[PDB]
Amino acid sequence: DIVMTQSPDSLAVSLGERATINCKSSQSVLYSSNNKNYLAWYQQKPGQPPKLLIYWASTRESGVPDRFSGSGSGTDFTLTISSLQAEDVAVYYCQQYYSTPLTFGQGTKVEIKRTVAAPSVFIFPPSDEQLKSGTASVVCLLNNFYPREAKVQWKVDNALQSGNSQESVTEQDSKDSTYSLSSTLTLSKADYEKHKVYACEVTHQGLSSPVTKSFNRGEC
Amino acid sequence: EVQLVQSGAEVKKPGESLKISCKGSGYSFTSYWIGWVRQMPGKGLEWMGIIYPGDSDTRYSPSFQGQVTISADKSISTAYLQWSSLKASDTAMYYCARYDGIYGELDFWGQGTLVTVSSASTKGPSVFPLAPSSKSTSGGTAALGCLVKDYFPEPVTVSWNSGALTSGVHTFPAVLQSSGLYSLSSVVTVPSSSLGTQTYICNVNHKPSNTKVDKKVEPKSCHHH
């Protein structure tokens, strides 16, 4: 069995800069007598199948942009994106086909470093419709920010909340290279009706101080 | 062009049998190796096996030998992957692909078949509006959305105004709640002005429960201004 190890696991470079991914095989994949390296590279975008980029280690596949190239030989291989574009955000995999069973690397996530962008923050009270069903979800939206790092704190009647919220984050936008994040506070209708002020406090480096969006229960 | 079209997502109980399919077109089906790759949730790519539809020569990974059957029907240009008895651990995305050979790259790939195996009950979502705030905004930009709560299994699809509204839309990855049910929100930012003039409807589909909901999201009018 041949093990494929990619380095690094994640990398972040600016629009138009050089991105280099490494792949290392546990044994040589160069078939010496025919001089081919039996190695391929794939790009996988979230929700999509992989796409072949390179084969024979350095042959670019038909329809793949000029900026993609592979090189190396034996056990050491590199995929290079010479001028990273916003749409190039994806997981990249190497694959050996020198020996069966065919094996893949664990993938390298490539991300765009862009200028800092503060989140636009929105809070949404539970709907009348949901409240009738007996539950209250309060949603805090952090829209179109960069970098990924963000903290969301729920406060209810000014009291810090813990263990009753869940968050979810989008994949980096293929056009604007930003993230958006939702944080959802879930409580029962009764617990919801036990308090008057609900607040989402957002900490992000694009903001000078934590930004709070709040509402009084019932208000519209 | 070369196209590989896989069968739709499957939801089954453990112990049920399953055959998924992959139809190849735009090339000589009997002239190329065709095979299968597993992708576990959040994980990488595992090679499963290949078959040459010319003569049904079928090769397996040692990991997958005895666990699945790979077959092909050349008369209808279709390759198959089957389990006699499904286990919960078979839950994954499965990709068919055309291969350059036994010792080959994978040059064309199908769209994937999501296979979900669970003894848990299939449940359609409830859909709730996330109405836009009445408070004056900053740059003439309002956010609104739909909360899609309490469904199993994944996925749901969300569209806005039947596909007509695509700009500004973020449909978040689902989160698994402690109830064992998934929940997700889909939001969109729109011009503040449009709230009185433009209707916003989220179209939610949950294929596994054959649930479809169209939820209108409108501003709340609570003041004489």
# chains A, B, ... in the order shown; residues from 1 in each chain; ligands from 1

call {"tool": "residues_around", "arguments": {"residues": "range 53-65 of chain B", "least_positions_apart": "3", "cutoff": "8 Å", "atoms": "only C-alpha atoms", "output": "JSON list (two decimals) with N, CA and C atoms, in the first residue's frame"}}
result
[["chain", "number", "residue", "atom", "x", "y", "z"],
["A", 100, "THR", "N", -1.98, -0.61, -7.09],
["A", 100, "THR", "CA", -3.34, -0.81, -6.53],
["A", 100, "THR", "C", -3.31, -1.40, -5.12],
["A", 101, "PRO", "N", -4.27, -1.00, -4.25],
["A", 101, "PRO", "CA", -5.39, -0.09, -4.56],
["A", 101, "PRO", "C", -4.97, 1.37, -4.72],
["A", 102, "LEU", "N", -5.66, 2.07, -5.62],
["A", 102, "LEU", "CA", -5.50, 3.51, -5.81],
["A", 102, "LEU", "C", -5.75, 4.23, -4.47],
["B", 29, "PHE", "N", -19.01, 3.44, -23.93],
["B", 29, "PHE", "CA", -19.17, 2.88, -22.58],
["B", 29, "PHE", "C", -18.34, 1.60, -22.35],
["B", 30, "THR", "N", -18.24, 0.77, -23.38],
["B", 30, "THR", "CA", -17.52, -0.51, -23.30],
["B", 30, "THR", "C", -16.02, -0.37, -23.56],
["B", 31, "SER", "N", -15.56, 0.86, -23.77],
["B", 31, "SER", "CA", -14.15, 1.10, -24.07],
["B", 31, "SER", "C", -13.37, 1.71, -22.92],
["B", 32, "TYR", "N", -14.05, 2.03, -21.82],
["B", 32, "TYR", "CA", -13.40, 2.68, -20.65],
["B", 32, "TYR", "C", -13.73, 2.01, -19.32],
["B", 33, "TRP", "N", -12.76, 1.94, -18.43],
["B", 33, "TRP", "CA", -13.01, 1.52, -17.05],
["B", 33, "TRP", "C", -13.89, 2.57, -16.38],
["B", 34, "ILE", "N", -14.80, 2.10, -15.53],
["B", 34, "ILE", "CA", -15.72, 2.95, -14.77],
["B", 34, "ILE", "C", -15.76, 2.39, -13.34],
["B", 47, "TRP", "N", -11.01, 4.98, -2.85],
["B", 47, "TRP", "CA", -11.27, 4.18, -4.03],
["B", 47, "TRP", "C", -11.98, 2.86, -3.69],
["B", 48, "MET", "N", -13.08, 2.54, -4.37],
["B", 48, "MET", "CA", -13.84, 1.31, -4.05],
["B", 48, "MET", "C", -13.59, 0.14, -4.99],
["B", 49, "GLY", "N", -13.65, 0.41, -6.30],
["B", 49, "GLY", "CA", -13.42, -0.60, -7.31],
["B", 49, "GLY", "C", -13.67, -0.02, -8.68],
["B", 50, "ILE", "N", -13.43, -0.84, -9.70],
["B", 50, "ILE", "CA", -13.65, -0.50, -11.10],
["B", 50, "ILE", "C", -14.18, -1.71, -11.85],
["B", 68, "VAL", "N", -19.35, -4.88, -1.15],
["B", 68, "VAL", "CA", -20.21, -4.35, -2.21],
["B", 68, "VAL", "C", -20.08, -5.17, -3.47],
["B", 70, "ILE", "N", -20.04, -4.46, -7.57],
["B", 70, "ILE", "CA", -19.99, -3.52, -8.68],
["B", 70, "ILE", "C", -20.33, -4.28, -9.94],
["B", 71, "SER", "N", -21.27, -3.76, -10.72],
["B", 71, "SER", "CA", -21.67, -4.41, -11.95],
["B", 71, "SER", "C", -21.93, -3.38, -13.03],
["B", 72, "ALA", "N", -22.19, -3.84, -14.25],
["B", 72, "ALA", "CA", -22.53, -2.95, -15.36],
["B", 72, "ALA", "C", -23.47, -3.62, -16.35],
["B", 73, "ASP", "N", -24.32, -2.80, -16.97],
["B", 73, "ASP", "CA", -25.22, -3.24, -18.01],
["B", 73, "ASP", "C", -24.91, -2.40, -19.25],
["B", 74, "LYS", "N", -24.13, -2.96, -20.16],
["B", 74, "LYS", "CA", -23.65, -2.23, -21.33],
["B", 74, "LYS", "C", -24.77, -1.83, -22.30],
["B", 79, "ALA", "N", -23.47, 1.69, -14.98],
["B", 79, "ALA", "CA", -22.69, 0.99, -13.97],
["B", 79, "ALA", "C", -23.45, 1.08, -12.66]]

call {"tool": "interface_residues", "arguments": {"of": "chain A", "to": "chain B", "cutoff": "8 Å", "atoms": "only C-alpha atoms", "output": "NGL selection string"}}
result
:A and (38-40 or 48-52 or 55 or 95 or 97-107 or 122 or 124-127 or 129-130 or 166-170 or 180-182 or 220)

call {"tool": "residues_around", "arguments": {"residues": "residue 209 in chain B", "least_positions_apart": "3", "cutoff": "10 Å", "atoms": "only C-alpha atoms", "output": "MDAnalysis selection string"}}
result
chainID B and resid 11 121:125 151:153 205:206 212

call {"tool": "atom_distance", "arguments": {"atom1": "CA of residue 185 in chain A", "atom2": "CA of residue 137 in chain A"}}
result
5.5 Å

call {"tool": "atom_distance", "arguments": {"atom1": "CA of residue 161 in chain B", "atom2": "CA of residue 198 in chain B"}}
result
10.1 Å

call {"tool": "closest_residue", "arguments": {"among": "A:115, A:153, A:22, A:209", "to": "residue 9 in chain A", "atoms": "only C-alpha atoms"}}
result
A:22
